[PDB]
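Below you'll find only one chain, the form deposited in one PDB entry, shown as structure tokens.
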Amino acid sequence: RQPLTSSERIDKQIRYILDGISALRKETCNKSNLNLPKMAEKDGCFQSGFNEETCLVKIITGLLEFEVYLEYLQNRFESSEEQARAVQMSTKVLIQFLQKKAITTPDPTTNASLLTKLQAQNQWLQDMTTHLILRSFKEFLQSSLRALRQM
């Protein structure tokens, strides 16, 4: 195993998670309100108006915000239990990597109450909710990846 710089470790970590999510989406899509984080020009991650210092802040912020929804995913893939867990843990690893390359920590209790609301919804909305966490996490990560390759 050749040694990887920080940036290289980060690039591989995101490709790892993107792979895991893809595996969950197949288990979702074939078996077929929210304010999920999203990239916007203000964040300065796109080519138009790129700023590294604030982009990295948005990525870490967005990922910390994504954690409640990854926790929600754990009890929606009973057989793919291992795969949801891997996505949840790898993302926590990713945050830890990004925090050394670098703000708004989500409030635990606000998260915990949102979680039990999502968990109480009826099956149909729950299946809708799963699909869009996956889709939106994907897009935040693809965009995070595209960014970080510049930094």
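The numbering used is simple: start at 1 and walk along the sequence shown.
One more form of this protein exists, namely the form deposited in another entry; it is left out here, but the text below deals with it.
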Original post:
With each C-alpha assigned to whichever superposition fits it better, do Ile95 and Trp124 land in the same rigid part between this form and the one not shown?
Top reply: yes
Original post:
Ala86 and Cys55: do their C-alpha atoms lie closer or farther in the other form than in the form you see, with a change of 3 Å or more?
Top reply: farther
Original post:
Closer or farther: how do the Cα atoms of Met39 and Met89 compare in the other form relative to this form, given a change of at least 3 Å?
Top reply: farther
